[PDB]
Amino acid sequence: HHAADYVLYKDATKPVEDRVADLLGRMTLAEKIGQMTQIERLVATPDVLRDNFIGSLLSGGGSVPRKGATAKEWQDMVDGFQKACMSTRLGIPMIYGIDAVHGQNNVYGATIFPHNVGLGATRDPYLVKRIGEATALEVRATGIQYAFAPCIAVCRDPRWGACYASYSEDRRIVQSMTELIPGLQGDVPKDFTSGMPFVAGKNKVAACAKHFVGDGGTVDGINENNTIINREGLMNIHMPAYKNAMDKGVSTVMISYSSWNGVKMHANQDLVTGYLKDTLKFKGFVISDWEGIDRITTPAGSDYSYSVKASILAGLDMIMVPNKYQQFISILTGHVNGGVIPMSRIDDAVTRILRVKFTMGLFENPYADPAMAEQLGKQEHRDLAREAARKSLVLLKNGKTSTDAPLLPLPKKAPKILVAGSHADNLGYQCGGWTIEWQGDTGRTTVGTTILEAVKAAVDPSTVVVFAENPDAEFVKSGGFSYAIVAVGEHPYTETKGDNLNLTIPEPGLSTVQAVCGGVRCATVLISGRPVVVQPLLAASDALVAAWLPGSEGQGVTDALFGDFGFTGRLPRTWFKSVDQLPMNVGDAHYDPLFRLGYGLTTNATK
């Protein structure tokens, strides 16, 4: 169609399948294998990207151009890399991915949304769609096209270090929350074939349903471990939300480190090719997790030639290497040259990778849009995160006896009040893992509002607000306080670091609560990624709120504490009496919860 130097795959008006086919048929083996390779920005240079025809880059947690980098520094870094890829013979743009799992959370100044567990407590799929929408804008503000989200694991044992990344122990809740997909990507057209990949354009990002499959069902919630359950249980609990993801056009799927009945997901041909591709008809690309193929073996990385063969024959399209690309590429090249991996397998992986790229508009907008930079931490997004924070809170107790005046909502006008606790004035702690660093961090790590700051923002100008991190019982008794707000709970963690068999919060926590509540009426705010041993904290407290990991917008906490809105959150998980009961899920054997799934007390808005 026209000028003599015309190349079909470069023609923006052509159908995606035709462009895919036209480009694929021009490619060398090297160009093909390069598309299947995703590398860390830490090992990328212009020469490496060109010489190896690299298909994709990522930032792992905390992999940033520098601390405190602006939206525009992110764009320039991404464009720098894109420039190199666009200079190859074929000029295939790379796609850059990142873990934007509660906002664009590696980035300084990015809005930080509550983690998924508290989103589950909202029972509000449309709220979650708006979060996907705002997250898309803030990822594009940094010039990135692909978010590794949503995690649609169904956590069945809160001892799991990634339990907070699961919306619920109940698959129906997880299914409903797959509305993050068309928020991140855009709504699919009414026509739309299930399993097709979709992204609306340059103001959206490709999403990723992860981690396929049963990552939530591991023995004793050990991370990356074995999920032991018959096919029926797998299909009834852990598989369903994958189909909702197919119907909403999720562009990519990430495979689990975990195994199903002793079989590593990263080597599972039956599930990856047989079920996901051949039965659900998924047509986007399938991506490994980080060194996912290495971990097929024991020890990890002890037979990488086998890691490559088994993962690629299982049906994975793109490998998150992410460091040793030369080895990955060499080994995959040798296996193809030797006839051990047929060309049809390579061609299918590349068809799928290219189909996502063409579909999302990546050949038409390979470069960042500088006018999107101001989306980062936009106040409208913060307002949305604040709403989400507030709706996620679950009120577990509001008064020690049925006859006490209920403590909450607290009055904004009082002569003198106490705010106390390790978590009352610690932004890092209220955000939890995957914020700025991989493991999260402590203190003022980004822009936001701590519980202390939110309290001072909320109260009457005549209310004197006293902060004390760990006050003793005397200080409280002598302080002339009207009430206290005390915030305690878990430290930040992610995945294996967070596997925890005792689920009891660190001290000083309980002791501060006892000291405070022994002197004056107290509202205890529990910051956690999951249910934790809570009876002693309940016994001390007049009122107690499960706030999960509410993110950067602490005024969501105080919006409810002070009665601007009623509490509406409901437990998206079972609250256990003791860890010895675990695992224990709604519908189970002898199901004996402290608070059942769906439990939450309510209040009404003041005035």
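The numbering used is simple: start at 1 and walk along the sequence shown.
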Item checked: Entry-level comparison of average CA B-factors, 199 to 207 and 186 to 194, reporting the higher stretch -> 186 to 194
Next item on the list: Mind pulling up the entry and telling me whether 496 to 504 or 134 to 142 has the higher mean Cα temperature factor?
Entry: 496 to 504
Next item on the list: Check where residue 579 lands among this chain's C-alpha B-factors and tell me if it's the lowest, middle or highest third.
Entry: highest
Check: Split the chain's modelled residues into thirds by Cα B-factor; is residue 26 in the lowest, middle or highest one?
Finding: middle
Next item on the list: Quick one: classify residue 528 as lowest, middle or highest third of the chain based on its Cα B-factor.
Entry: lowest
Margin query: For the chain shown, is the CA B-factor of residue 328 in the lowest, middle or highest third of its modelled residues?
Written below: middle
Notebook entry, point to check: Taking the C-alpha B-factors as the PDB entry records them, is residue 482 in the lowest, middle or highest third of its chain?
Noted result: middle
